[PDB]
$ cat coords.cif   # mmCIF, C-alpha atoms and all ligand atoms
data_target
#
loop_
_atom_site.group_PDB
_atom_site.id
_atom_site.type_symbol
_atom_site.label_atom_id
_atom_site.label_comp_id
_atom_site.auth_asym_id
_atom_site.auth_seq_id
_atom_site.Cartn_x
_atom_site.Cartn_y
_atom_site.Cartn_z
ATOM 1 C CA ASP X 869 -29.271 -21.528 -80.860
ATOM 2 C CA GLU X 870 -26.410 -21.199 -78.355
ATOM 3 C CA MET X 871 -25.751 -17.445 -78.491
ATOM 4 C CA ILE X 872 -29.487 -16.801 -78.760
ATOM 5 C CA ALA X 873 -29.776 -18.702 -75.473
ATOM 6 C CA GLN X 874 -27.009 -16.472 -74.070
ATOM 7 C CA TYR X 875 -28.737 -13.221 -75.033
ATOM 8 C CA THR X 876 -31.919 -14.298 -73.267
ATOM 9 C CA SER X 877 -29.868 -15.414 -70.262
ATOM 10 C CA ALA X 878 -28.493 -11.870 -69.931
ATOM 11 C CA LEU X 879 -31.866 -10.114 -69.972
ATOM 12 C CA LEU X 880 -32.873 -12.300 -67.022
ATOM 13 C CA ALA X 881 -29.588 -11.592 -65.230
ATOM 14 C CA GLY X 882 -30.101 -7.827 -65.378
ATOM 15 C CA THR X 883 -33.832 -7.601 -64.756
ATOM 16 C CA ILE X 884 -33.291 -9.572 -61.535
ATOM 17 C CA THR X 885 -30.244 -7.775 -60.104
ATOM 18 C CA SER X 886 -30.352 -4.313 -61.673
ATOM 19 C CA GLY X 887 -34.075 -3.957 -62.372
ATOM 20 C CA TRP X 888 -35.111 -1.659 -65.212
ATOM 21 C CA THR X 889 -32.126 0.698 -65.036
ATOM 22 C CA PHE X 890 -29.911 -1.131 -67.540
ATOM 23 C CA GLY X 891 -32.148 -0.050 -70.422
ATOM 24 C CA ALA X 892 -31.221 3.614 -69.886
ATOM 25 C CA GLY X 893 -27.444 3.633 -69.497
ATOM 26 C CA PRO X 894 -25.592 2.459 -66.401
ATOM 27 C CA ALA X 895 -26.837 -0.658 -64.606
ATOM 28 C CA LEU X 896 -27.538 -0.060 -60.913
ATOM 29 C CA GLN X 897 -27.746 -2.886 -58.382
ATOM 30 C CA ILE X 898 -30.910 -3.291 -56.292
ATOM 31 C CA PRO X 899 -32.216 -6.114 -54.049
ATOM 32 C CA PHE X 900 -35.092 -8.077 -55.561
ATOM 33 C CA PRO X 901 -37.189 -7.837 -52.391
ATOM 34 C CA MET X 902 -37.002 -4.040 -52.809
ATOM 35 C CA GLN X 903 -37.506 -3.875 -56.589
ATOM 36 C CA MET X 904 -40.883 -5.583 -56.123
ATOM 37 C CA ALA X 905 -41.903 -2.735 -53.804
ATOM 38 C CA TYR X 906 -41.391 -0.373 -56.755
ATOM 39 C CA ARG X 907 -43.519 -2.438 -59.141
ATOM 40 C CA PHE X 908 -46.453 -2.240 -56.723
ATOM 41 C CA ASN X 909 -45.957 1.512 -56.347
ATOM 42 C CA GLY X 910 -46.426 1.987 -60.094
ATOM 43 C CA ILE X 911 -49.837 0.302 -60.007
ATOM 44 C CA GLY X 912 -51.611 2.303 -57.310
ATOM 45 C CA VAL X 913 -51.209 0.235 -54.148
ATOM 46 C CA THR X 914 -48.636 1.376 -51.606
ATOM 47 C CA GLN X 915 -45.386 -0.281 -50.557
ATOM 48 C CA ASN X 916 -46.731 -1.810 -47.345
ATOM 49 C CA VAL X 917 -48.867 -4.408 -49.143
ATOM 50 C CA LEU X 918 -45.685 -6.318 -50.088
ATOM 51 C CA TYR X 919 -43.419 -5.950 -47.047
ATOM 52 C CA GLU X 920 -46.177 -6.801 -44.572
ATOM 53 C CA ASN X 921 -47.148 -9.845 -46.674
ATOM 54 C CA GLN X 922 -43.797 -11.070 -47.996
ATOM 55 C CA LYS X 923 -44.517 -14.676 -46.988
ATOM 56 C CA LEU X 924 -47.650 -15.594 -48.946
ATOM 57 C CA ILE X 925 -46.692 -13.457 -51.959
ATOM 58 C CA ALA X 926 -43.517 -15.525 -52.379
ATOM 59 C CA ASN X 927 -45.443 -18.804 -52.293
ATOM 60 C CA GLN X 928 -47.929 -17.605 -54.919
ATOM 61 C CA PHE X 929 -45.093 -16.728 -57.296
ATOM 62 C CA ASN X 930 -43.341 -20.100 -56.968
ATOM 63 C CA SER X 931 -46.567 -22.089 -57.336
ATOM 64 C CA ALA X 932 -47.658 -20.108 -60.405
ATOM 65 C CA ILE X 933 -44.370 -20.897 -62.156
ATOM 66 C CA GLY X 934 -44.740 -24.589 -61.323
ATOM 67 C CA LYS X 935 -48.227 -24.592 -62.834
ATOM 68 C CA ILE X 936 -46.736 -23.272 -66.087
ATOM 69 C CA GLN X 937 -44.558 -26.395 -66.346
ATOM 70 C CA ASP X 938 -47.542 -28.759 -66.409
ATOM 71 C CA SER X 939 -49.560 -26.457 -68.686
ATOM 72 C CA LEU X 940 -47.007 -26.597 -71.511
ATOM 73 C CA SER X 941 -46.760 -30.399 -71.381
ATOM 74 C CA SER X 942 -50.536 -30.930 -71.177
ATOM 75 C CA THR X 943 -51.143 -30.632 -74.927
ATOM 76 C CA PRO X 944 -49.316 -29.841 -78.169
ATOM 77 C CA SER X 945 -51.877 -27.275 -79.370
ATOM 78 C CA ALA X 946 -50.396 -24.485 -77.234
ATOM 79 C CA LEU X 947 -47.487 -23.837 -79.629
ATOM 80 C CA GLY X 948 -49.565 -23.586 -82.803
ATOM 81 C CA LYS X 949 -48.369 -20.078 -83.642
ATOM 82 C CA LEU X 950 -44.755 -21.243 -84.101
ATOM 83 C CA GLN X 951 -45.647 -24.547 -85.771
ATOM 84 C CA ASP X 952 -47.534 -22.722 -88.531
ATOM 85 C CA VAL X 953 -44.337 -20.800 -89.308
ATOM 86 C CA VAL X 954 -42.488 -23.974 -90.302
ATOM 87 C CA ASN X 955 -45.570 -25.771 -91.633
ATOM 88 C CA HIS X 956 -46.407 -22.994 -94.095
ATOM 89 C CA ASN X 957 -42.831 -22.940 -95.375
ATOM 90 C CA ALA X 958 -42.371 -26.716 -95.612
ATOM 91 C CA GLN X 959 -45.568 -27.279 -97.592
ATOM 92 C CA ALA X 960 -44.753 -24.331 -99.862
ATOM 93 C CA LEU X 961 -41.675 -26.167 -101.140
ATOM 94 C CA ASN X 962 -43.527 -29.468 -101.633
ATOM 95 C CA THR X 963 -46.000 -27.749 -103.945
ATOM 96 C CA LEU X 964 -43.073 -26.277 -105.880
ATOM 97 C CA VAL X 965 -41.339 -29.616 -106.477
ATOM 98 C CA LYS X 966 -44.532 -31.103 -107.920
ATOM 99 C CA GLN X 967 -45.004 -28.299 -110.443
ATOM 100 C CA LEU X 968 -42.521 -30.201 -112.615
ATOM 101 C CA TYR U 1069 -31.545 12.302 -70.203
ATOM 102 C CA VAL U 1070 -28.888 9.716 -69.284
ATOM 103 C CA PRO U 1071 -27.482 9.109 -65.770
ATOM 104 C CA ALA U 1072 -23.715 9.442 -65.374
ATOM 105 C CA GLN U 1073 -21.294 7.656 -62.998
ATOM 106 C CA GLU U 1074 -22.645 6.198 -59.772
ATOM 107 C CA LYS U 1075 -21.815 5.462 -56.137
ATOM 108 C CA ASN U 1076 -22.914 2.519 -53.990
ATOM 109 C CA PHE U 1077 -24.441 2.647 -50.510
ATOM 110 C CA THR U 1078 -26.067 0.494 -47.823
ATOM 111 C CA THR U 1079 -29.848 0.235 -47.498
ATOM 112 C CA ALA U 1080 -32.756 -1.062 -45.408
ATOM 113 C CA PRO U 1081 -36.393 -1.261 -46.558
ATOM 114 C CA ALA U 1082 -38.013 0.287 -43.470
ATOM 115 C CA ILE U 1083 -37.350 2.271 -40.291
ATOM 116 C CA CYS U 1084 -38.579 1.398 -36.811
ATOM 117 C CA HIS U 1085 -38.226 4.137 -34.197
ATOM 118 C CA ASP U 1086 -41.051 3.880 -31.633
ATOM 119 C CA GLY U 1087 -42.129 0.294 -32.228
ATOM 120 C CA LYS U 1088 -43.846 1.217 -35.515
ATOM 121 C CA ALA U 1089 -42.438 0.756 -39.006
ATOM 122 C CA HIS U 1090 -41.830 3.813 -41.189
ATOM 123 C CA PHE U 1091 -41.825 3.706 -44.980
ATOM 124 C CA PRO U 1092 -40.458 6.464 -47.244
ATOM 125 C CA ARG U 1093 -42.835 8.587 -49.289
ATOM 126 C CA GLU U 1094 -40.502 8.640 -52.299
ATOM 127 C CA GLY U 1095 -37.174 6.865 -52.642
ATOM 128 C CA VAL U 1096 -35.781 4.455 -50.079
ATOM 129 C CA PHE U 1097 -33.412 4.881 -47.153
ATOM 130 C CA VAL U 1098 -29.651 4.816 -47.747
ATOM 131 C CA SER U 1099 -26.605 5.306 -45.554
ATOM 132 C CA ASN U 1100 -22.827 5.590 -45.706
ATOM 133 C CA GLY U 1101 -22.166 3.723 -42.457
ATOM 134 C CA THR U 1102 -22.771 6.291 -39.715
ATOM 135 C CA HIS U 1103 -26.256 7.759 -40.173
ATOM 136 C CA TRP U 1104 -29.083 7.313 -42.640
ATOM 137 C CA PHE U 1105 -30.662 9.457 -45.356
ATOM 138 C CA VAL U 1106 -33.604 9.425 -47.768
ATOM 139 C CA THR U 1107 -32.746 10.087 -51.397
ATOM 140 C CA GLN U 1108 -34.369 10.603 -54.793
ATOM 141 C CA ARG U 1109 -34.290 7.712 -57.255
ATOM 142 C CA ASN U 1110 -32.234 9.307 -60.049
ATOM 143 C CA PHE U 1111 -30.026 11.884 -58.280
ATOM 144 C CA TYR U 1112 -28.025 11.601 -55.064
ATOM 145 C CA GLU U 1113 -29.562 14.353 -52.912
ATOM 146 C CA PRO U 1114 -29.499 13.207 -49.277
ATOM 147 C CA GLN U 1115 -32.094 14.529 -46.847
ATOM 148 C CA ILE U 1116 -32.701 14.052 -43.138
ATOM 149 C CA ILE U 1117 -35.396 11.592 -42.066
ATOM 150 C CA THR U 1118 -38.519 13.512 -41.052
ATOM 151 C CA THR U 1119 -42.231 12.767 -40.562
ATOM 152 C CA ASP U 1120 -43.034 14.967 -43.597
ATOM 153 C CA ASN U 1121 -41.666 12.320 -45.991
ATOM 154 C CA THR U 1122 -42.295 9.127 -43.964
ATOM 155 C CA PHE U 1123 -45.616 7.382 -43.325
ATOM 156 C CA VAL U 1124 -46.321 4.781 -40.644
ATOM 157 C CA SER U 1125 -47.857 1.361 -41.354
ATOM 158 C CA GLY U 1126 -48.075 -1.107 -38.475
ATOM 159 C CA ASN U 1127 -45.490 -2.332 -35.994
ATOM 160 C CA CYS U 1128 -41.883 -3.280 -36.743
ATOM 161 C CA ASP U 1129 -41.844 -7.055 -36.335
ATOM 162 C CA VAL U 1130 -43.493 -8.198 -39.585
ATOM 163 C CA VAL U 1131 -40.814 -7.616 -42.258
ATOM 164 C CA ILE U 1132 -37.277 -8.977 -42.386
ATOM 165 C CA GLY U 1133 -35.474 -5.688 -43.019
ATOM 166 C CA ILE U 1134 -35.532 -3.389 -39.978
ATOM 167 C CA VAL U 1135 -32.778 -1.100 -38.704
ATOM 168 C CA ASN U 1136 -32.688 1.190 -35.677
ATOM 169 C CA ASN U 1137 -32.190 4.962 -35.769
ATOM 170 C CA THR U 1138 -34.147 8.108 -35.005
ATOM 171 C CA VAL U 1139 -36.877 9.761 -37.065
ATOM 172 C CA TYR U 1140 -37.714 13.453 -36.821
ATOM 173 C CA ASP U 1141 -40.937 15.457 -36.739
ATOM 174 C CA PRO U 1142 -41.444 19.059 -37.912
ATOM 175 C CA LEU U 1143 -42.699 20.177 -34.473
ATOM 176 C CA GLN U 1144 -39.528 19.893 -32.371
ATOM 177 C CA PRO U 1145 -37.938 22.581 -34.598
ATOM 178 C CA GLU U 1146 -40.816 24.658 -33.179
ATOM 179 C CA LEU U 1147 -41.811 23.161 -29.815
ATOM 180 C CA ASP U 1148 -38.245 23.124 -28.473
ATOM 181 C CA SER U 1149 -38.326 26.880 -29.054
ATOM 182 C CA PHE U 1150 -41.918 26.956 -27.721
ATOM 183 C CA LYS U 1151 -42.491 24.405 -24.939
ATOM 184 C CA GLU U 1152 -39.071 25.006 -23.372
ATOM 185 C CA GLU U 1153 -39.757 28.733 -23.736
ATOM 186 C CA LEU U 1154 -43.131 28.205 -22.045
ATOM 187 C CA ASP U 1155 -41.703 25.942 -19.331
ATOM 188 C CA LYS U 1156 -38.794 28.217 -18.370
ATOM 189 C CA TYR U 1157 -40.879 31.373 -17.883
ATOM 190 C CA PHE U 1158 -43.261 29.595 -15.472
ATOM 191 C CA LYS U 1159 -40.505 28.510 -13.051
ATOM 192 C CA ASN U 1160 -39.822 31.968 -11.569
ATOM 193 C CA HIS U 1161 -43.206 32.042 -9.793
ATOM 194 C CA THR U 1162 -42.598 28.814 -7.854
ATOM 195 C CA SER U 1163 -39.351 30.154 -6.359
ATOM 196 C CA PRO U 1164 -40.863 32.648 -3.912
HETATM 197 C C1 LIG X 1201 -21.598 9.980 -43.996
HETATM 198 O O1 LIG X 1201 -22.054 11.198 -44.563
HETATM 199 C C2 LIG X 1201 -22.378 12.202 -43.588
HETATM 200 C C3 LIG X 1201 -22.900 13.391 -44.357
HETATM 201 O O2 LIG X 1201 -21.840 14.247 -44.762
HETATM 202 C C4 LIG X 1201 -21.156 12.534 -42.728
HETATM 203 O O3 LIG X 1201 -21.578 13.380 -41.664
HETATM 204 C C5 LIG X 1201 -20.739 14.548 -41.588
HETATM 205 O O4 LIG X 1201 -19.685 14.378 -40.627
HETATM 206 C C6 LIG X 1201 -18.811 15.511 -40.507
HETATM 207 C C7 LIG X 1201 -17.725 15.120 -39.532
HETATM 208 O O5 LIG X 1201 -17.292 13.784 -39.749
HETATM 209 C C8 LIG X 1201 -19.605 16.737 -40.066
HETATM 210 O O6 LIG X 1201 -18.742 17.869 -40.022
HETATM 211 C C9 LIG X 1201 -18.890 18.559 -38.761
HETATM 212 O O7 LIG X 1201 -20.171 19.184 -38.670
HETATM 213 C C10 LIG X 1201 -20.412 19.888 -37.440
HETATM 214 C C11 LIG X 1201 -21.852 20.358 -37.453
HETATM 215 O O8 LIG X 1201 -22.238 20.563 -38.807
HETATM 216 C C12 LIG X 1201 -19.402 21.046 -37.347
HETATM 217 O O9 LIG X 1201 -19.601 21.754 -36.137
HETATM 218 C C13 LIG X 1201 -17.968 20.486 -37.404
HETATM 219 O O10 LIG X 1201 -17.026 21.550 -37.350
HETATM 220 C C14 LIG X 1201 -17.751 19.600 -38.641
HETATM 221 O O11 LIG X 1201 -17.741 20.464 -39.765
HETATM 222 C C15 LIG X 1201 -20.753 16.990 -41.036
HETATM 223 O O12 LIG X 1201 -21.568 18.060 -40.572
HETATM 224 C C16 LIG X 1201 -21.610 15.737 -41.189
HETATM 225 N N1 LIG X 1201 -22.670 15.959 -42.159
HETATM 226 C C17 LIG X 1201 -23.969 15.902 -41.845
HETATM 227 C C18 LIG X 1201 -24.927 16.162 -42.968
HETATM 228 O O13 LIG X 1201 -24.351 15.652 -40.707
HETATM 229 C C19 LIG X 1201 -20.529 11.270 -42.149
HETATM 230 O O14 LIG X 1201 -19.286 11.577 -41.528
HETATM 231 C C20 LIG X 1201 -20.303 10.228 -43.239
HETATM 232 N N2 LIG X 1201 -19.784 8.994 -42.670
HETATM 233 C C21 LIG X 1201 -18.831 8.265 -43.259
HETATM 234 C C22 LIG X 1201 -18.414 7.021 -42.536
HETATM 235 O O15 LIG X 1201 -18.331 8.595 -44.329
HETATM 236 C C1 LIG X 1202 -34.047 -2.024 -32.224
HETATM 237 O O1 LIG X 1202 -34.177 -1.651 -30.842
HETATM 238 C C2 LIG X 1202 -35.157 -2.408 -30.116
HETATM 239 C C3 LIG X 1202 -35.215 -1.826 -28.724
HETATM 240 O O2 LIG X 1202 -34.210 -2.381 -27.886
HETATM 241 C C4 LIG X 1202 -34.783 -3.889 -30.132
HETATM 242 O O3 LIG X 1202 -35.791 -4.626 -29.449
HETATM 243 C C5 LIG X 1202 -35.161 -5.581 -28.572
HETATM 244 O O4 LIG X 1202 -35.034 -6.837 -29.248
HETATM 245 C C6 LIG X 1202 -34.380 -7.856 -28.478
HETATM 246 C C7 LIG X 1202 -34.237 -9.055 -29.387
HETATM 247 O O5 LIG X 1202 -34.920 -8.856 -30.617
HETATM 248 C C8 LIG X 1202 -35.189 -8.143 -27.215
HETATM 249 O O6 LIG X 1202 -34.509 -9.117 -26.430
HETATM 250 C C9 LIG X 1202 -35.432 -10.157 -26.028
HETATM 251 O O7 LIG X 1202 -35.400 -10.341 -24.613
HETATM 252 C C10 LIG X 1202 -36.332 -11.326 -24.123
HETATM 253 C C11 LIG X 1202 -36.291 -11.299 -22.611
HETATM 254 O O8 LIG X 1202 -34.943 -11.492 -22.201
HETATM 255 C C12 LIG X 1202 -35.939 -12.697 -24.705
HETATM 256 O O9 LIG X 1202 -36.860 -13.681 -24.261
HETATM 257 C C13 LIG X 1202 -35.928 -12.637 -26.246
HETATM 258 O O10 LIG X 1202 -35.500 -13.886 -26.782
HETATM 259 C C14 LIG X 1202 -35.070 -11.477 -26.771
HETATM 260 O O11 LIG X 1202 -33.713 -11.834 -26.552
HETATM 261 C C15 LIG X 1202 -35.381 -6.856 -26.420
HETATM 262 O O12 LIG X 1202 -36.232 -7.083 -25.303
HETATM 263 C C16 LIG X 1202 -35.990 -5.763 -27.299
HETATM 264 N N1 LIG X 1202 -36.089 -4.513 -26.561
HETATM 265 C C17 LIG X 1202 -37.244 -3.982 -26.136
HETATM 266 C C18 LIG X 1202 -38.492 -4.753 -26.459
HETATM 267 O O13 LIG X 1202 -37.279 -2.923 -25.517
HETATM 268 C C19 LIG X 1202 -34.635 -4.369 -31.572
HETATM 269 O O14 LIG X 1202 -34.180 -5.717 -31.617
HETATM 270 C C20 LIG X 1202 -33.640 -3.492 -32.324
HETATM 271 N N2 LIG X 1202 -33.535 -3.911 -33.712
HETATM 272 C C21 LIG X 1202 -32.387 -4.314 -34.266
HETATM 273 C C22 LIG X 1202 -32.458 -4.712 -35.709
HETATM 274 O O15 LIG X 1202 -31.338 -4.354 -33.630
HETATM 275 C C1 LIG X 1203 -37.455 36.242 -11.307
HETATM 276 O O1 LIG X 1203 -38.057 37.508 -10.971
HETATM 277 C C2 LIG X 1203 -37.207 38.373 -10.203
HETATM 278 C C3 LIG X 1203 -38.023 39.599 -9.862
HETATM 279 O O2 LIG X 1203 -37.456 40.314 -8.773
HETATM 280 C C4 LIG X 1203 -35.943 38.696 -10.996
HETATM 281 O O3 LIG X 1203 -35.078 39.496 -10.199
HETATM 282 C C5 LIG X 1203 -35.236 37.410 -11.406
HETATM 283 O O4 LIG X 1203 -34.125 37.710 -12.241
HETATM 284 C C6 LIG X 1203 -36.194 36.479 -12.146
HETATM 285 N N1 LIG X 1203 -35.538 35.222 -12.467
HETATM 286 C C7 LIG X 1203 -35.674 34.607 -13.646
HETATM 287 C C8 LIG X 1203 -34.924 33.319 -13.805
HETATM 288 O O5 LIG X 1203 -36.370 35.069 -14.544
#

$ encode --input "coords.cif" --output "structure tokens" --more "lines below"
Ligand SMILES: *[C@@H]1O[C@H](CO)[C@@H](O[C@@H]2O[C@H](CO)[C@@H](O[C@@H]3O[C@H](CO)[C@@H](O)[C@H](O)[C@@H]3O)[C@H](O)[C@H]2NC(C)=O)[C@H](O)[C@H]1NC(C)=O
Ligand SMILES: *[C@@H]1O[C@H](CO)[C@@H](O[C@@H]2O[C@H](CO)[C@@H](O[C@@H]3O[C@H](CO)[C@@H](O)[C@H](O)[C@@H]3O)[C@H](O)[C@H]2NC(C)=O)[C@H](O)[C@H]1NC(C)=O
Ligand SMILES: *[C@@H]1O[C@H](CO)[C@@H](O)[C@H](O)[C@H]1NC(C)=O
Amino acid sequence: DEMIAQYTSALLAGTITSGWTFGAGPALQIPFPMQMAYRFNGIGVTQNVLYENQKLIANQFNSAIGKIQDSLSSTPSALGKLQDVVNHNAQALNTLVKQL
Amino acid sequence: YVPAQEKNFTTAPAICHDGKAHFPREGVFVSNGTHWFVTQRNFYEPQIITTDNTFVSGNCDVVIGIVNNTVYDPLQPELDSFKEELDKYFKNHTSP
């Protein structure tokens, strides 16, 4: 669980600084305030929707991440897809030890 | 297709020339220290800044990244050979 946590801390360190260019060879540095102007351009809206509104767009991104933190700790039924991986395996062995 | 070795430059997200911001049509502005250029995204082919590949959107006091230089228009390659040609030939009648 340590080197797995280092692989997924290198995807986030390249998609922030380099963008999407490290998946096709050399990794090229780019500012994050300019990479976001290329994600809007691939949707259909122009570049000026971000640069002319850089203030309120930043606050929506930070507040949306903070709402994720409370959503995960609200209930334990959100992670049911991963719990059934270990629950199906653990109860498969308990049936096998009572076949004796 | 795979890109080969690279070269770093200095950038700015917009251009203000006459009090109005200018945004590139494709690519983003780069420079090597003296004067600026607009370039493709996957091949270093510098080009001069011209109205044909820049569009205007509002005035230049709303975004943090603004630098100062000149922007060109495709009419002064013509009008300097036209308006100055028209202005010079009309001055010989005022002399007498
Ligand atoms: C950044 O890159 C530009 C692009 O090459 C450099 O501008 C170039 O500067 C040289 C002189 O330093 C220019 O050469 C001169 O050009 C004039 C007119 O073309 C000619 O009459 C002279 O005999 C001489 O050859 C060159 O033209 C010019 N290139 C362009 C496209 O304008 C600039 O020097 C670079 N700056 C740095 C700090 O590296
Ligand atoms: C690009 O060039 C323009 C044109 O000069 C620059 O606009 C100039 O900006 C400065 C400060 O941003 C203005 O100075 C101001 O003066 C008033 C009155 O003294 C003062 O109260 C302010 O606090 C400020 O110091 C200057 O007037 C203005 N020039 C104009 C309007 O003609 C612009 O700053 C340049 N951009 C960059 C990035 O250098
Ligand atoms: C103006 O017209 C006169 C006609 O006598 C000519 O001699 C002169 O060279 C002209 N000047 C210019 C600048 O065209």

$ resolve_selection --input "coords.cif" --expression "the PyMOL selection byres (((not hetatm)) within 10 of (chain X and resi 1203))" --output "VMD selection string"
chain U and resid 1156 to 1164

$ closest_residue --input "coords.cif" --among "U:1151, U:1103, U:1090, U:1085" --to "chain X" --atoms "all atoms listed in the file"
U:1090

$ resolve_selection --input "coords.cif" --expression "the PyMOL selection byres (((not hetatm)) within 7 of (chain X and resi 1202))" --output "ChimeraX atom specification"
/U:1134-1136

$ residues_near_ligand --input "coords.cif" --ligand "ligand LIG 1201 (chain X)" --cutoff "9 Å" --atoms "all atoms listed in the file" --output "mmCIF file with C-alpha atoms, in the coordinates of the input"
data_model
loop_
_atom_site.group_PDB
_atom_site.id
_atom_site.type_symbol
_atom_site.label_atom_id
_atom_site.label_comp_id
_atom_site.auth_asym_id
_atom_site.auth_seq_id
_atom_site.Cartn_x
_atom_site.Cartn_y
_atom_site.Cartn_z
ATOM 1 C CA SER U 1099 -26.605 5.306 -45.554
ATOM 2 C CA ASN U 1100 -22.827 5.590 -45.706
ATOM 3 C CA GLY U 1101 -22.166 3.723 -42.457
ATOM 4 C CA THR U 1102 -22.771 6.291 -39.715
ATOM 5 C CA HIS U 1103 -26.256 7.759 -40.173
ATOM 6 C CA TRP U 1104 -29.083 7.313 -42.640
ATOM 7 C CA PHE U 1105 -30.662 9.457 -45.356
ATOM 8 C CA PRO U 1114 -29.499 13.207 -49.277
ATOM 9 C CA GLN U 1115 -32.094 14.529 -46.847
ATOM 10 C CA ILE U 1116 -32.701 14.052 -43.138
#

$ resolve_selection --input "coords.cif" --expression "the PyMOL selection byres ((chain U) within 10 of (chain X and not hetatm))" --output "JSON, numbers by chain"
{"U": [1069, 1070, 1071, 1072, 1073, 1074, 1075, 1076, 1079, 1080, 1081, 1082, 1089, 1090, 1091, 1092, 1093, 1094, 1095, 1096, 1110, 1124, 1125, 1126, 1127, 1128, 1129, 1130, 1131, 1132, 1133]}

$ atom_distance --input "coords.cif" --atom1 "atom CA of residue 1098 of chain U" --atom2 "atom CA of residue 1111 of chain U"
12.7 Å

$ closest_residue --input "coords.cif" --among "X:944, X:878, X:924, X:907" --to "residue 890 of chain X" --atoms "all atoms listed in the file"
X:878

$ atom_distance --input "coords.cif" --atom1 "atom CA of residue 888 of chain X" --atom2 "atom CA of residue 908 of chain X"
14.2 Å

$ atom_distance --input "coords.cif" --atom1 "atom CA of residue 1143 of chain U" --atom2 "atom CA of residue 1113 of chain U"
23.4 Å

$ axis_aligned_box --input "coords.cif" --around "segment 928-947 of chain X" --padding-each-side "6 Å" --output "AutoDock Vina command-line options"
--center_x -47.6 --center_y -23.8 --center_z -67.3 --size_x 20.5 --size_y 26.2 --size_z 36.7

$ build_atoms --input "coords.cif" --residues "segment 1075-1089 of chain U" --atoms "N, CA and C atoms" --output "CSV table (one decimal), keeping the file's coordinate frame"
chain,number,residue,atom,x,y,z
U,1075,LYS,N,-22.5,5.7,-57.4
U,1075,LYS,CA,-21.8,5.5,-56.1
U,1075,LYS,C,-22.7,4.6,-55.3
U,1076,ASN,N,-22.2,3.5,-54.7
U,1076,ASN,CA,-22.9,2.5,-54.0
U,1076,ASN,C,-23.1,2.9,-52.5
U,1077,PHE,N,-24.1,2.4,-51.9
U,1077,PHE,CA,-24.4,2.6,-50.5
U,1077,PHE,C,-25.0,1.4,-49.9
U,1078,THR,N,-25.4,1.5,-48.6
U,1078,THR,CA,-26.1,0.5,-47.8
U,1078,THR,C,-27.5,0.9,-47.5
U,1079,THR,N,-28.4,-0.1,-47.5
U,1079,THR,CA,-29.8,0.2,-47.5
U,1079,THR,C,-30.5,-0.6,-46.5
U,1080,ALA,N,-31.8,-0.3,-46.2
U,1080,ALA,CA,-32.8,-1.1,-45.4
U,1080,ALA,C,-34.2,-0.6,-45.8
U,1081,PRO,N,-35.1,-1.6,-45.9
U,1081,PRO,CA,-36.4,-1.3,-46.6
U,1081,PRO,C,-37.4,-0.5,-45.7
U,1082,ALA,N,-37.1,-0.4,-44.4
U,1082,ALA,CA,-38.0,0.3,-43.5
U,1082,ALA,C,-37.2,0.9,-42.3
U,1083,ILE,N,-37.9,1.7,-41.5
U,1083,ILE,CA,-37.4,2.3,-40.3
U,1083,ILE,C,-38.3,2.1,-39.1
U,1084,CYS,N,-37.8,1.5,-38.0
U,1084,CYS,CA,-38.6,1.4,-36.8
U,1084,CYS,C,-37.9,2.3,-35.8
U,1085,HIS,N,-38.7,3.2,-35.2
U,1085,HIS,CA,-38.2,4.1,-34.2
U,1085,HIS,C,-38.9,4.0,-32.9
U,1086,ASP,N,-40.3,4.0,-32.9
U,1086,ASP,CA,-41.1,3.9,-31.6
U,1086,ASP,C,-41.9,2.6,-31.6
U,1087,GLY,N,-41.4,1.5,-32.1
U,1087,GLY,CA,-42.1,0.3,-32.2
U,1087,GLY,C,-43.0,0.2,-33.4
U,1088,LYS,N,-43.0,1.2,-34.3
U,1088,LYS,CA,-43.8,1.2,-35.5
U,1088,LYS,C,-42.9,1.4,-36.7
U,1089,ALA,N,-43.2,0.7,-37.8
U,1089,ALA,CA,-42.4,0.8,-39.0
U,1089,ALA,C,-42.7,2.1,-39.7
